[PDB]
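Take a look at the structure below.
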Amino acid sequence: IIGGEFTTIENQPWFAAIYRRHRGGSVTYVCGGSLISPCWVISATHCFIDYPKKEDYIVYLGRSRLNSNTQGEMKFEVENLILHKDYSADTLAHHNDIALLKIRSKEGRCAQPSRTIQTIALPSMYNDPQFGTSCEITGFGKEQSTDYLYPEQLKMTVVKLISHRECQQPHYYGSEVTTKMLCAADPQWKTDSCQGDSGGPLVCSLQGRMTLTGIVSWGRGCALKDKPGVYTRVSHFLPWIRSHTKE
């Protein structure tokens with residue numbers, strides 16, 4: 001997250017921190033995700049496509065820090081890693097960038113809700129906030145495009161939804177953005193998602209309900225003029241989500 005503010009997991013208790021174990025034993029951060037039911041985390045396919053083996057991954061819930069344990073956290077293996085079969089790496093602008101992780105602890109259990117671990121509601125189909133609506137994004141991604149390190153503390157910021165009409169302009173993203181995607185940016189371009197934020201939640205309040213409107217997917221650089229962050233439009237994937245969460 002470029003700009004924005006530090007936070008702790010209490011302020012985004014559905015946030016899932018996803019890591020990969022390397023041959024040699026080293027564990028590195030991969031991407032964010034969101035808990036949508038006790039056994040299911042939703043994220044982005046591009047985070048996993050190069051290493052599709054479920055045994056490679058570790059998922060934490062209730063974690064506020066990147067390389068330190070948070071009191072009360074839960075650790076999970078990935079029982080199933082489900083990538084969207086129509087994924088395409090189309091020059092930055094990934095299509096169908098959505099993935100599901102069925103989580104299971106060493107003891108064979110799913111998530112247990114607490115003050116630091118809670119699910120996020122899915123939207124109604126094709127029901128998204130009006131453009132110009134302020135939404136929030138959360139993650140452990142870079143604080144500056146030029147940084148080498150990721151922040152140790154979780155961050156969040158606010159971005160505004162951008163119409164498909166505005167985002168499809170040639171001076172924005174042209175044909176790279178589809179109706180299954182959502183653009184969001186800051187009016188001053190001063191805050192944004194960045195590398196490492198992929199897979200995490202874009203949350204909007206619709207009708208009083210905090211809703212998983214988007215999943216961090218792609219963008220040209222970070223916090224750059226006329227280059228919004230781009231998000232998978234969750235409300236266009238409900239049948240995919242419902243079928244695969246029975247697996």
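Identifiers in this document derive from the order of the structure tokens: chains are assigned A, B, ..., residues are numbered from 1 separately in each chain, and ligands are numbered from 1 in order of occurrence.
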
Neighbour list for residue 228 of chain A as a list in words, cut-off 7 Å, only C-alpha atoms, skip fewer than 4 positions in-chain: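 After dropping sequence-adjacent residues, the list is residues 183, 184, 185 and 219 of chain A.
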
Atom CA of residue 235 of chain A to atom CA of residue 188 of chain A, distance in Å rounded to a single decimal: 27.4 Å

Selected residue, from A:116, A:157, A:243, A:91, that lies nearest to residue 201 of chain A when counting only C-alpha atoms: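 Selected residue with least distance to residue 201 of chain A: A:157.
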
Separation of atom CA of residue 79 of chain A from atom CA of residue 41 of chain A, in Å and rounded to one decimal: 11.2 Å

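When the distance limit is 6 Å and only C-alpha atoms are what count, the residues near residue 78 of chain A, minus those fewer than 3 positions from it on the same chain, are residues 54, 102 and 103 of chain A.
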
Prev. selection, C-alpha atoms, output as a tab-separated table (two decimals), in the first residue's frame:
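After the write, selection_29.tsv holds the following:
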chain	number	residue	atom	x	y	z
A	54	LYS	CA	-1.16	-26.79	-2.65
A	102	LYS	CA	-9.58	-24.44	1.22
A	103	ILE	CA	-7.77	-24.13	4.53

Nearest candidate to residue 3 of chain A (options A:225, A:144, A:202, A:246; using only C-alpha atoms): A:144

DSSP-assigned strand (DSSP E) among segment 49-106 of chain A, expressed as a ChimeraX atom specification: /A:57-61,74-83,99-104

Using only N, CA and C atoms, please write the residues we just selected to a file, as a CSV table (one decimal), in the first residue's frame.
chain,number,residue,atom,x,y,z
A,57,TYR,N,2.1,-24.1,0.3
A,57,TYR,CA,1.5,-22.9,0.9
A,57,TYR,C,1.2,-22.9,2.4
A,58,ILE,N,1.3,-21.8,3.1
A,58,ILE,CA,0.9,-21.6,4.4
A,58,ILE,C,0.0,-20.4,4.5
A,59,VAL,N,-1.2,-20.5,5.1
A,59,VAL,CA,-2.1,-19.4,5.3
A,59,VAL,C,-2.3,-19.0,6.8
A,60,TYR,N,-2.2,-17.7,7.1
A,60,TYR,CA,-2.5,-17.3,8.4
A,60,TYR,C,-3.7,-16.4,8.4
A,61,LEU,N,-4.5,-16.5,9.5
A,61,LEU,CA,-5.6,-15.6,9.8
A,61,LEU,C,-5.3,-15.0,11.2
A,74,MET,N,-4.1,-17.9,13.7
A,74,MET,CA,-4.2,-19.3,13.4
A,74,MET,C,-3.5,-19.6,12.1
A,75,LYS,N,-2.8,-20.7,12.1
A,75,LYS,CA,-2.0,-21.2,10.9
A,75,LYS,C,-2.7,-22.4,10.3
A,76,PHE,N,-2.7,-22.4,8.9
A,76,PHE,CA,-3.4,-23.4,8.1
A,76,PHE,C,-2.5,-23.9,7.0
A,77,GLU,N,-2.7,-25.2,6.7
A,77,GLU,CA,-2.2,-25.8,5.4
A,77,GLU,C,-3.3,-25.5,4.4
A,78,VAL,N,-3.0,-25.7,3.1
A,78,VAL,CA,-3.9,-25.5,2.0
A,78,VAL,C,-4.4,-26.9,1.6
A,79,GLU,N,-5.6,-27.2,1.9
A,79,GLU,CA,-6.2,-28.5,1.6
A,79,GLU,C,-6.5,-28.6,0.1
A,80,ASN,N,-6.9,-27.5,-0.5
A,80,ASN,CA,-7.1,-27.4,-2.0
A,80,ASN,C,-6.8,-26.0,-2.5
A,81,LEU,N,-6.2,-26.0,-3.6
A,81,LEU,CA,-5.8,-24.7,-4.3
A,81,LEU,C,-6.5,-24.7,-5.6
A,82,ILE,N,-7.5,-23.8,-5.7
A,82,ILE,CA,-8.4,-23.8,-6.9
A,82,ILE,C,-8.2,-22.5,-7.7
A,83,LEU,N,-7.7,-22.7,-8.9
A,83,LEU,CA,-7.4,-21.6,-9.8
A,83,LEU,C,-8.5,-21.5,-10.9
A,99,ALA,N,-9.0,-16.9,-7.2
A,99,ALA,CA,-8.6,-18.2,-6.7
A,99,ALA,C,-9.2,-18.5,-5.4
A,100,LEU,N,-9.4,-19.8,-5.1
A,100,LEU,CA,-9.9,-20.2,-3.8
A,100,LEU,C,-8.9,-21.2,-3.1
A,101,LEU,N,-8.7,-21.0,-1.8
A,101,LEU,CA,-7.9,-21.8,-1.0
A,101,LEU,C,-8.8,-22.4,0.1
A,102,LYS,N,-8.9,-23.8,0.1
A,102,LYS,CA,-9.6,-24.4,1.2
A,102,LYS,C,-8.5,-24.7,2.3
A,103,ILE,N,-8.8,-24.1,3.5
A,103,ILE,CA,-7.8,-24.1,4.5
A,103,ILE,C,-8.1,-25.2,5.6
A,104,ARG,N,-7.0,-25.8,6.1
A,104,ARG,CA,-7.2,-26.8,7.1
A,104,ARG,C,-6.0,-26.8,8.0

Residue nearest residue 218 of chain A - candidates A:161, A:1, A:92, A:42, atoms counted: only C-alpha atoms: A:92
